[PDB]
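Asks: What follows is a structure written as structure tokens; I'll ask about it next.
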Amino acid sequence: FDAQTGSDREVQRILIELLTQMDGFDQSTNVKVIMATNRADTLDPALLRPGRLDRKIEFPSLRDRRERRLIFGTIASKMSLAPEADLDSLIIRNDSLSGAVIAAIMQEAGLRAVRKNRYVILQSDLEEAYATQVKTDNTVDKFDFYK
Amino acid sequence: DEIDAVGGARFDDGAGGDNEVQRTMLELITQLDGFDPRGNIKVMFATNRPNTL
Amino acid sequence: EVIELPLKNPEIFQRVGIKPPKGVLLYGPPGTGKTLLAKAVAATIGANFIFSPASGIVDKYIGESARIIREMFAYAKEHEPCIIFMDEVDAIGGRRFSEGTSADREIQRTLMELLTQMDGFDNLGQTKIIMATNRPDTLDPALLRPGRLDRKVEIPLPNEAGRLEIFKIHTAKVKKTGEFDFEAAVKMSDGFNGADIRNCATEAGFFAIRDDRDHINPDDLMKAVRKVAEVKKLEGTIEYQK
Amino acid sequence: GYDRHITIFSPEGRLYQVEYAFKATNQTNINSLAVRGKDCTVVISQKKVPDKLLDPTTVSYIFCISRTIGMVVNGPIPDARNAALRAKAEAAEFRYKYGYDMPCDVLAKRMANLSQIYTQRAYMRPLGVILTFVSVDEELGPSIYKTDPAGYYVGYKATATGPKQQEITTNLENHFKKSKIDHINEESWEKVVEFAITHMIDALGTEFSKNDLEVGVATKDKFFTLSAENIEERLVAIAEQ
Amino acid sequence: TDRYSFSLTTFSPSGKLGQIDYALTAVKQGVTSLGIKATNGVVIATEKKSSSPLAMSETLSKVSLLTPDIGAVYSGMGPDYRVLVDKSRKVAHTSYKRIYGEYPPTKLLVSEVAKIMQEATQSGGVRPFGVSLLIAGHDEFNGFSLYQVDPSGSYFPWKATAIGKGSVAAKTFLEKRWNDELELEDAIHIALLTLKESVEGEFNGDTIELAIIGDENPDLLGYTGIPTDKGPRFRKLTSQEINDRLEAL
Amino acid sequence: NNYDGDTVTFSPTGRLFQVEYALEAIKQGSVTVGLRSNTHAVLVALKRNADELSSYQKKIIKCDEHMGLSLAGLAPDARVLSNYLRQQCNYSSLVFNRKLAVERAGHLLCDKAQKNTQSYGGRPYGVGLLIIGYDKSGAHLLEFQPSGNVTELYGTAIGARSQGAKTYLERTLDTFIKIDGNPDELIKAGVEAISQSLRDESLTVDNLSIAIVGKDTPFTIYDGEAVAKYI
Amino acid sequence: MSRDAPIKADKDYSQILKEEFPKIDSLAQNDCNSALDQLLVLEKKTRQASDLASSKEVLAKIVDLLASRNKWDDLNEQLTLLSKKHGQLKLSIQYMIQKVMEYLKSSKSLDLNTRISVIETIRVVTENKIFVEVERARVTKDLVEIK
Amino acid sequence: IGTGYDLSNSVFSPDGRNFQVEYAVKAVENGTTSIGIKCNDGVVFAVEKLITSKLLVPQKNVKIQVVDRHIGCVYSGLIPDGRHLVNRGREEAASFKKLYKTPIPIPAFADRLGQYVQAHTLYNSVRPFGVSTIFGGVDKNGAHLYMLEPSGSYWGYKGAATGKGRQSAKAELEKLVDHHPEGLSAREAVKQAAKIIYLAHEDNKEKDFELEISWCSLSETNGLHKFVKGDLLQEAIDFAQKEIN
Amino acid sequence: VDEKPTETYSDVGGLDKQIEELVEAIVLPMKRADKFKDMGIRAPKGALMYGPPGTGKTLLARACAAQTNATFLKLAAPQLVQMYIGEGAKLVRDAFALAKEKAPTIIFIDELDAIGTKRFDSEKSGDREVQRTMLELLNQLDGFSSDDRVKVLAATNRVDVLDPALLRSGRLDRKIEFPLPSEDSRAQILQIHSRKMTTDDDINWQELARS
Ligand SMILES: Nc1ncnc2c1ncn2[C@@H]1O[C@H](COP(=O)(O)OP(=O)(O)OP(=O)(O)O)[C@@H](O)[C@H]1O
Ligand SMILES: Nc1ncnc2c1ncn2[C@@H]1O[C@H](COP(=O)(O)OP(=O)(O)OP(=O)(O)O)[C@@H](O)[C@H]1O
Ligand SMILES: [Mg+2]
Ligand SMILES: [Mg+2]
């Protein structure tokens, strides 16, 4: 906090008010506030000490190959797939790929199918569409002289 | 007096830029010639380094 | 594929069994026509079209700035199908910071809302967002995020084909003696963008104020291409895209 | 303050100075696509010629370095001629001291070492060019070796260069997956020129006229460049495909 | 010209030599490589890596023969290895193959390449090499021996070790699986097993370059009938041969 | 700003600044005026003492038996280049038995000053010479700029208040070219030229140093009471 | 697709080819492939109007093929080839193909021939889902009747 | 981003550009107009040589120097720096003449200078040249014409130009090549070099100028580089007056 | 404007070509607004004046004020930046809104390094107060706003430091360079200041110009 602007002073008041009454919410039949943040280096540690927020859940952006194949598999069961397509060709390509990017990738493959005028998602579509929404080369791009 | 502060030569650096120092310096410059005649105002600069200017 | 189709027929997306896309991010080097592309599609599609500079919704006042933004989608839903168009979302879609000042931390309060407004538990029916940006690199990672915005259209610099088309769009309109110099000019005019082309027509036209000709010479076209080229290169080159 | 201003290491273990060369390569906007035929190697490249006043015969990015080794240059044209001169020279020297014409493999490693030394000086600027050396060897057959400003190189089944080369890499990779044979096959070199030109017309989404192409083919015991007159006879040959 | 005759490795103020520290960062960016010393061989191992599949791996090399009795394998920068392999072959001929007529012992050659290291941690206009090498070999009086030559210019004799991005996890696996009798065939099963946990990309006999410094093969000697000399002890394993031992996991 | 430290660093104005700086050494320098006709060249220099006890510093260096140069910059810098000109004038007499052309001698001079200004750890030479001589195409007056640049003029000046001298030469331009054979008159026309570059310092028999070269007169330096007829 | 040259003229050029149609018929007897070439060389013109005009002729040869009892195979392969190249437009062809299906009905061929022929026709419209979809169900009910 | 990147030249800037050498194109921008018309039988150089004072000696200064007997070299920008680049190619050409006893080809000579300017950009210790040259001549392989940028870039040319009036020149040379895209005469091209120096004198119409013209032509000069002087030079002058009227 | 002192074009001594280039982009589309409509081309959206300091870019604008007799909105770029959140942006939109009304218009901006540049992305700080007020400037130059009755005259003595989005022909169409006086032009300058104080005719102006 800068702690001289009104914008900041008003959030100071909120932050103490939530925290105080979180202790008030103790010994109730209620399970206390669930809250999420895509960031985590920006939070005050006064929330993060025991007796307020207790359980800290980790979510990775890494997945192992058995756990990856499952995400592609549930989304693809909801859509239609050619008997000429497979999902085990899709997961070897990346070593790192978070669960939502899999969702969008699956979208792309089915969007591409409208262009081609296809009911099914043939693997051809699927492969081309896979490479779209990957990107992120800046250390393997032209920078293989670090291996 | 002493415009080693508020006198840094303008450069681009990608950290934040020299924006706070030069904001003040550029206000000054425009009122030392106007876009209209300035009144009777004599201005004395005094510096230790005419090289940060 | 994203804007016309699920408005007309979401029955197409239903065949495959897949969700319709919403959220388009357009990004490009400047003068590639990214603002132009949206202006053109707003008069065609024939739904309600909210036009929104991203930098006129931020007030002084404390979270009024967020109050406007929530309303903007709540209006949209109620006029559905509707389109929310945001220009230059570097302004309030900036990087995370949280080591800034009070001014920048304000930006976090408006951004955090707009992120939840797009996807939460609240779903959007046929509300579609086209955001335009001059760099996807200095936008927030949470915004940029796959699934937050769906289709990621690159707007490239006009290809060897494209150059000819653009030159013809601005030259049909003018008075001229008859210009057959585009065969030379497209060749000369490499490393340009759409805005500089549109300027070459204006520039050729200013040589004819001097000649007192009421027609633009094809000779005047050769000069224009050069006049634009030199100044452009010198004063600063243009952005590269990831 | 001085770690990204000579080729010394940074707190990261990276050499940014070496890295800026790789960001200079793609500022010329010249594309290249190179495939190994059955008994030839064909490389096709753009030849942008901006102004009317350039004499087009002189504009080139195919350099003859030997009878068997051509060298195709992407990156600025000053750095191109200095890498090209050093190459011809080393080719002569090899012939001189070892008594056979230089094999490509060896020229690839030779220009690589000179690249390596240029990033371990402090008074030498690494040449910012990606050179692709195309050949037909009598021991290792048609090859492609691509060197780069750092001093790494690897052989290639095909390779592309330029700023739109991400696109070109995609077409060629699909092609060699589907077929399942590492090199393109077709006996006559003329028709590998045809297949190669189609793949550049598909990838870049642009057609090419005779002055926009400049094509080099290394066949057996000779490297030639096709005259722009002869390149049209190939452009017509795509009209019956 | 040259006016760069001042060292760019300089003492840092709280101690340490800053360039050599930095260069060791650049070692741990690169591929993962390991070596296991048996009682009758040394095995060395590395993973190939390309820009795209369009690169060939057939013409690529990352394990090189310095002398027929002494091989090397690196983890760190590709460019620096490439020149330093060639300088290693050069000093090995010029300073023991013209003077004592034969290939140098493993202790001696290691000591020479550490001095090549040393004269780019010092002198002007130069920074440190950005590799760390295992230089494994066999000499007639110190047995099989595995070394690690580093950006500092030190050497350490080892019995099994690993270098590269998966170094931390690799050596703990190797500490617990080491034993004071291994055969060379038993050594291989350790090295492959470990290198499989550091790969997450594709695994094949074409993408793992594996080398043994076993025992003598007269089929690579090139000739027969001088029994005084005994063929390459160094023998790089072909893709077909490696693949069987992969199934053997 | 930071562009001024060395001789290698351009410069956003198209310049290099250090050569620009060395050109200001000529300006703080004393005046010498050259004028030529079609038959005799004249250098008219104003010598400069420090104090009353002091001597006056030689401003005209006879370079050869038909060449003389005059400094208007650094005295140490003038000594280096003068040797170099003598050397190449003597190398021409020895090898080709040829009086070194005046037009050629500006090109030899040229390149000695360029090669230290392109180089690191060198500097430009901050001295401008006016070089007279009489060769095979007649009288010549060269102005050597510390920029390296050589130009051939009918009359020039360099120094301080020098502009006032160019003007005297600029008026009297169509007169002096036409008087030939009469060295008395050229000399006087050059004394009056350098007198409009005064500002309370005057001219005397220890300030004025004249040297001429003619068709019919080899290189002569007049000083003392031999510049007492020609005030 | 569309072009600014073969609108009116080329429609009149297909009317010239129709006066040359009996020469084509007489040529079809000696080798069917020789007759077939002229109608395919006409279908290399981009324009919707001229596309519809040209293909009538191709369907008119496809009665000749269907009439003969060893030439019925050829038309199946051709229509495979028509989907695969690009046709010349994707509006034109989908209608013309139905006329082929129509002909299958009224030809009264050997039962052996009819079975194979309807399988070859359906294989083409397997991944597709536009106009084609409707047609496909129309020939499959008829194929299912034979079985 | 980091501060530096303009104090040397074997730095690259973070965008892969130079500095000094990009700064060096602005040194060349202050220079005198200089054009080259490639005719079928040779080259015609012409250069605006300013009379900057009334105290200069007319027709006794030149900026067109011959290298060997058949390659004219003509430069603009830093004039002393420019003589040094010509001087290097007189040593290089002379070495070629001894070793192989033929006059150095225009493509061979282009190659020899080119390296030289490029070599000064590879060190932090030598200042990159701030001149652009137009050079060509007639050799056994025909006529060729080259412009060599300060960047150590050169290309073939049918007309090239440099200096301040490069804007008007480049535009006026497109017209001459659209009058005669099938070639033009070397006698004729003297007169056109005159006309395109006087139209390009309009960025620089403050002052007065001497036109210097030279040609190397196969059919009037026998493929040797000589100066355009006497009556022919005065015809071209009278030509230019009547055009600008 | 309240009428800024007339300098005419006898106190913009020398630099003819710049006055010519400037009046074409700013003064003709006002007066001769009919002739470009006929030619079917569009008028500029602006001119930029850049060069070394002291070359009278500010002088030429002051002149231009007196000559066109339309509303001239004087602007200094650090005045626009404001410490209350996006009230710097309120200043952009209002000033330009104002220019629609009082049309035809000229906005003269002095400086442009206080709307700085767009290059910041580093976690530690940034200043995204400067960026926002700049990105608002661009949205007024865009097609949905007026631009055919609002000319923007921009003057700066750094041009390198600027972000490419202010630049490009079509935001600021003209890229006018100011050089320093020529030999003859220096003479012209000196003689136009000297009318204000006493002189004698010994003074030869030529000598002074040479110096
Ligand atoms: N793609 C294009 N085809 C045709 N005209 C174009 C194109 N791009 C730009 N132009 C022309 O140039 C004008 C100016 O471009 P415009 O201002 O729309 O660019 P932008 O890329 O959206 O800008 P900014 O980066 O400032 O947001 C257009 O109004 C149009 O006349
Ligand atoms: N060409 C000129 N003719 C007449 N007077 C001039 C000329 N150039 C400049 N001046 C005078 O010099 C004074 C100071 O220059 P001014 O501040 O106008 O320059 P600028 O280059 O627009 O500067 P900055 O970018 O530093 O604000 C002017 O007010 C004017 O009186
Ligand atoms: Mg100012
Ligand atoms: Mg916009």
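Here chain I follows Swiss-Prot for its numbers: 172-382, in order, are the residues you see.
Quick check of the header: electron microscopy, 4.1 Å.
Backbone N, Cα and C atoms are what each Cβ position is placed from, and that goes for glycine too.
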Asks: What residue among I:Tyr180, I:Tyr221 has an entry for phosphotyrosine in Swiss-Prot?
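Replies: My reading of Swiss-Prot gives I:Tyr180.
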Asks: Distance check, please: Cα of I:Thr226 (ATP binding site) against Cα of I:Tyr180 (phosphotyrosine), rounded to an integer number of angstrom.
Replies: 15
Asks: Within 10 angstroms of the C-beta of I:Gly225 (ATP binding site), what count of other C-beta atoms is obtained when all protein chains are considered?
Replies: 12
Asks: Distance check, please: Cα of I:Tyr180 (phosphotyrosine) against Cα of I:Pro224 (ATP binding site), rounded to an integer number of angstrom.
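Replies: The Cα atom of I:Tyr180 (phosphotyrosine) is 20 Å away from the Cα atom of I:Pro224 (ATP binding site).
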Asks: Centre the Cβ atoms of I:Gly222, I:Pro223, I:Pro224, I:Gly225, I:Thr226, I:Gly227, I:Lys228, I:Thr229, go out 8 Å, and tell me which other residues of that chain have a Cβ in range of the ATP site.
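Replies: Sorted by sequence, the hits are I:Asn328, I:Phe349.
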Asks: With a CB cutoff of 8 A to chain F, go through the binding-site residues I:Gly222, I:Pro224, I:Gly225, I:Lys228, I:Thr229 and name the hits, or write none.
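Replies: It is none; no candidate comes close enough.
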Asks: Would you count the other C-beta atoms found within 10 angstroms of the C-beta of I:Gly227 (ATP binding site) for me?
Replies: 20
Asks: Among the recorded positions (I:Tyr180, I:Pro223, I:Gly225, I:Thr226, I:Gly227), which are close to chain B, meaning C-beta separation under 8 angstroms?
Replies: none
Asks: Helix, strand or coil for I:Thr229 (ATP binding site)? Use DSSP.
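Replies: Once the DSSP labels are grouped into three classes, I:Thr229 (ATP binding site) ends up as helix.
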